[PDB]
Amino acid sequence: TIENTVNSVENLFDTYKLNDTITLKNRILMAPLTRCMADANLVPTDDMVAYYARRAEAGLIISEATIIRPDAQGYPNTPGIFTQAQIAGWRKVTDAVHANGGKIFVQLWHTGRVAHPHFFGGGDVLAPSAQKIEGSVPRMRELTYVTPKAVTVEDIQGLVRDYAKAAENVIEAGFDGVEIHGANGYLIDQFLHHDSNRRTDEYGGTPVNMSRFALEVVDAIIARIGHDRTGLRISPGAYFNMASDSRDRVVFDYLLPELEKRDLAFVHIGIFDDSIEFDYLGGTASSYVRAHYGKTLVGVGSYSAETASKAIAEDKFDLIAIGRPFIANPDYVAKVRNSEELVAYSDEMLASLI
């Protein structure tokens, strides 16, 4: 059991060969963490360069979610990678991480129905279906979510194009690869769940159809940058801006073996506390995926170094992403290596980019 922790987490420091292109120096990933600190042009700042550079002891950094085009924006100051200036800003980040002996993937984002037109000149919010989420944008004054426009198949083609163009830009910006943000209720996840996907065309209504958009995005990105540089984050369990539906499981039962055919760099779970069991998945999100997918898996969500080490020892997943503790402890890896006390995260830490 994971709770029966032991007095060594040596396995976290194992070298891990993702594939013939990339070997990680340890099993510890910096989880993607939106910080809302990019500039008015959504260009990474020199403060963001320093922030990522000081975490280069991680085996791999996954960047904050990075938007693929303007109508993807749902939160303030989230960086993009669709303009030349954005590419140049990210190149400073990746050069600094590499110079510090690290590796970094960008996380490519479209928020779908969680976008807000305040950020993009009053344009249409896009989603699989005209199903609005509840509420308003967090930490902003009165930006109520709107009913999305159900994308047309031409919109879908343009979105696939723009994911692929972003992936090309990512390589120009010097990243080691891309994590596709297929998780946490955002655009790709919206196609994979019945709450958000009420379509009756070739993108809805069956597991094959509901998986089609995700697989088209994956395949278009692989065609641009290669499978060894492409990972995917997924949320089989509904929990953020997503209502649950008992039929969603069979979508993922179809998707996961299809993903295995693409020989991705990794699949990564998107969850906050992986100790939570989901009724519809027969247990935890990671155990569900591990039962349906036989290649490298990144676990995440309320793990300590000790419980992550135990889970990996027990073959539950291969790599551990660490989120909140990497905000509270820039030197997380060194402190874990040296058995030093770690500071607990508090939400108040988000005000500071350190």
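Only the largest set of C-alpha atoms that superpose within 1.5 Å between the two forms is called the rigid core. Position 1 is the first residue in the sequence shown; the rest follow in order.
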Could you check whether 187 to 195 or 140 to 148 drifts more from the shown form in 6 other deposited structures of this protein, using RMS Cα distance once the core is superposed? 140 to 148
Quick one: higher average CA temperature factor, 282 to 290 or 40 to 48? 282 to 290
Return whichever of 342 to 350 and 20 to 28 has the greater mean Cα B factor according to the PDB record. 342 to 350
Of the residues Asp155, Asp189, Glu172, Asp71, the one whose Cα carries the largest B-factor in the deposited record is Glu172
Among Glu168, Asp95, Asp228, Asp245, the highest C-alpha B-factor in the PDB entry belongs to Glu168
Would you mind checking where the Cα B-factor of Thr200 ranks among the modelled residues of its chain, as the lowest, middle or highest third? highest
If you rank the chain by CA B-factor, which third does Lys149 end up in: lowest, middle or highest? middle
Would the CA B-factor of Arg35 place it in the lowest, middle or highest third of its chain? lowest
Sort the modelled residues of this chain by their C-alpha B factor and say whether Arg249 lands in the lowest, middle or highest third. middle
Hey, what third does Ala56 fall into on Cα B-factor, ranked over its chain? middle
